[PDB]
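The next block holds one structure in the form of structure tokens; read it before the comments.
Listed below in structure tokens is the structure:
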């Protein structure tokens, strides 16, 4: 009624690695690292497939499948549909190289004195389901809310690369690959 | 006219939670309540993003949108422009992390052996419009007077936090965050 | 001179609302009532914040400021200084909650199984001066009588209440608040 009101107060906190509302751990107690393909976050989760040592990244002209990779944690106030839609790349359905799974993240680049090289990505999760984000249909998996009993996420990955016998070479420049694989855990 | 007149009497009452000239409540229905992000006021309403059960706060380098959050109730005999702005932070326009909305409440913090980390807050109301208080222009929404027919108000929220490149770490100290989120429901 | 005289007769007329030497009014033609915070005098003028409707009083921890409230009307001869010294309450300077203002009327109350809650008042009118009573210095404003030009008076009000996070609870009894806000219009 014609007045101001200043009774509010707030407390906030930030946790980058293992205590956010939606976190990622990538390790097992008294066990092993799930895989060093992805490393413990430095304050931001990172994927390092493009370089391993004793191998200059992915092997061309074949299918490279990666182990469970990083797990996920949810503690928000609602059940969530975790999904990955990879803003930088492009959503593709009915894959051209990884023709088994339903939908994928597509990327393509060229040499510079050579032309298209085609690559494809898919995150397979629990029953090999391709978790490929939210789109016209996208793809997602169910999760438990704050507490609950059972989160069920160990998001595996598959990398597919074409095999051009010409119009491409594995030497010299290759333009930038994908980055910024966004994650969504919206409500349902 | 050269005389005193003790002609007056007055009655005053105080109520902090659900019955006042301007009230904030969570009284949806026989079915549900509006999320755990802001518990019922203890005498003064409080925002509790500091912790969500297992989680110690918010994700870095990501956008954390939140549910409708607390509602607002007006009971004064005037259509009032409800608005929100923190006296501890500062008003910013054309957000650096939340670049969709028009304006935000900007806050920043640092590690102590690591320098700035940036963060922004936006309250979106019943239609995703950013309420950011009263300023040179600010932002506000309409309301109904005493009784009226439709207070038709609920204040949504979004939290955006920048990503730390190599100049900040969650480890060790993080200086104080925002507090005292004031509110204005002045006369239009 | 050893005798008595009885040449006496002079009438007395009483009117509780408008025709008195000092009076109060609340509305004007073809327009609006100033506000229902103080309804028209029933023979005595009352302040009714306790029952604003759809509310149980004033918000805690807020600078509850109200509309211009009642005006003041004079029909006497001499210019007067108008002030409110609130016999029941206490006079305080350098307010503790409404700190910007000069002087205030102070009151405090408790729970019975809980302790002090602090509240404060002040009127503004022209100059926004407290107009709080006559005391060691008090606070007053000038007013004209028998027309001439006009009284040019309208006494607004502000209500401040503290924000105790403990030692108090809205629940259960809150002992009596202020009453008898006395008014003085004295000679100068």
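Chains as they are written, first to last, in PDB author numbering: chain E, 28 to 215; chain D, 28 to 215; chain C, 28 to 215.
For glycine and all other residues, C-beta sits at the position ideal for the given N, C-alpha and C.
Original post:
In chain D, which residues lie with their C-beta within 9 Å of the C-beta of residue 76/C?
Top reply: 37, 38, 39, 40, 48
Original post:
When you compare each of 49/C, 58/C, 91/C to residue 150/C by their alpha carbons, which one comes out closest?
Top reply: 91/C
Original post:
Would you say residue 63/D faces chain E, with C-beta separation under 8 Å as the test?
Top reply: yes
**OP:** Within its chain, find whatever has a CB closer than 6 Å to the CB of residue 183/E; leave out the 5 residues flanking it on each side and keep chain order.
**Re:** Here the set comprises 95, 96, 151.
Subject >> Delimiting residues of the beta strand (DSSP E) encompassing residue 162/E >> reply: Neither: residue 162/E is in no beta strand (DSSP E) and is coded neither H nor E.
Original post:
Is residue 112/E near residue 37/E, with beta carbons less than 8 Å apart?
Top reply: no
Original post:
residue 74/C and residue 64/C look like a contact to me (Cβ under 8 Å); what is the Cβ gap, rounded to whole Å?
Top reply: Contact flag correct, Cβ pair sits at about 7 Å.
**OP:** Grab me the residues of residue 210/D's own chain with a C-beta within less than 6 Å of its C-beta, minus the 5 sequence neighbours each way, in chain order.
**Re:** 111
**OP:** Measure the C-alpha to C-alpha separation of residue 132/E and residue 53/E and round it to an integer number of angstroms.
**Re:** 22 Å
Original post:
Going by the beta-carbon positions, is the gap between residue 32/D and residue 98/D smaller than 8 Å?
Top reply: no
Original post:
Are the Cβ atoms of residue 103/C and residue 173/C separated by less than 8 Å?
Top reply: yes
Original post:
Whole beta strand (DSSP E) runs in the region 106 to 174 of chain E with 3 or more residues, listed along the chain?
Top reply: 107 to 111, 117 to 120, 130 to 136, 144 to 150
Subject >> Rounded C-alpha distance that separates residue 30/D from residue 148/D >> reply: 57 Å
Subject >> Residue span of the beta strand (DSSP E) that contains residue 213/E, given as start and end >> reply: 210 to 214
Original post:
Leaving out the 5 sequence neighbours to the left and right, which residues in its chain are closer than 8 Å to residue 141/E when beta-carbon positions are compared?
Top reply: 194, 195, 196
**OP:** Return the first residue and the last residue of the beta strand (DSSP E) that residue 186/D is part of.
**Re:** 183 to 188
**OP:** Determine the DSSP secondary structure at residue 77/C, reduced to helix, strand or coil.
**Re:** helix
**OP:** Can you pull the chain D residues whose beta carbon is under 9 Å from the beta carbon of residue 210/C, in chain order?
**Re:** In chain order: 31, 32, 33, 34, 35.
Original post:
Using 8 Å as the limit for Cβ to Cβ distance, is residue 196/C near chain E?
Top reply: no
Original post:
If we cut at 8 Å on Cβ distances, does residue 28/E have a partner in chain C?
Top reply: With 8 Å as the cut-off, residue 28/E counts as an interface residue toward chain C.
Original post:
In three-state terms, what does DSSP make of residue 32/E?
Top reply: strand
Subject >> Extent of the continuous beta strand (DSSP E) run through residue 177/C >> reply: Segment: none, residue 177/C is in no beta strand (DSSP E) and carries neither H nor E.
Original post:
Any Cβ of chain E within less than 8 Å of the Cβ of residue 71/D?
Top reply: yes
Original post:
Is residue 93/D helix, strand or coil when you go by DSSP?
Top reply: The answer is strand: DSSP assigns residue 93/D an E or B state.
**OP:** Starting from the beta carbon of residue 94/C, find every residue of chain E whose beta carbon is closer than 7 Å, and list them in chain order.
**Re:** 29
Subject >> residue 190/D versus residue 214/E - alpha carbon distance >> reply: 24 Å
Subject >> Chain-order list of residues whose beta-carbon lies under 8 Å from that of residue 136/C (same chain, five-residue window excluded) >> reply: 143, 144, 146, 201, 202, 203, 204
Original post:
How would you label residue 41/C, buried or exposed, when you count the other beta carbons within 10 angstroms and need 16 or more for buried?
Top reply: exposed
Original post:
So, is residue 35/C buried or exposed, given that buried needs 16 or more other C-beta atoms within 10 angstroms?
Top reply: exposed
**OP:** Tell me where the beta strand (DSSP E) around residue 98/C begins and ends.
**Re:** 98 to 101
**OP:** Return the chain-ordered list of same chain residues with a C-beta closer than 6 Å to the C-beta of residue 187/E, the five sequence neighbours on each side being excluded.
**Re:** Contacts found: 90, 124, 125, 147.
Original post:
Taking the alpha carbon of residue 179/C as the point to measure from, which residue in 166/C, 51/C, 68/C, 43/C has its own alpha carbon closest?
Top reply: 51/C
Subject >> Top-ranked residue by Cα proximity to residue 62/C, from 175/E, 28/E, 107/E, 208/E >> reply: A check of alpha carbon separations from residue 62/C across 175/E, 28/E, 107/E, 208/E identifies 28/E as the nearest.
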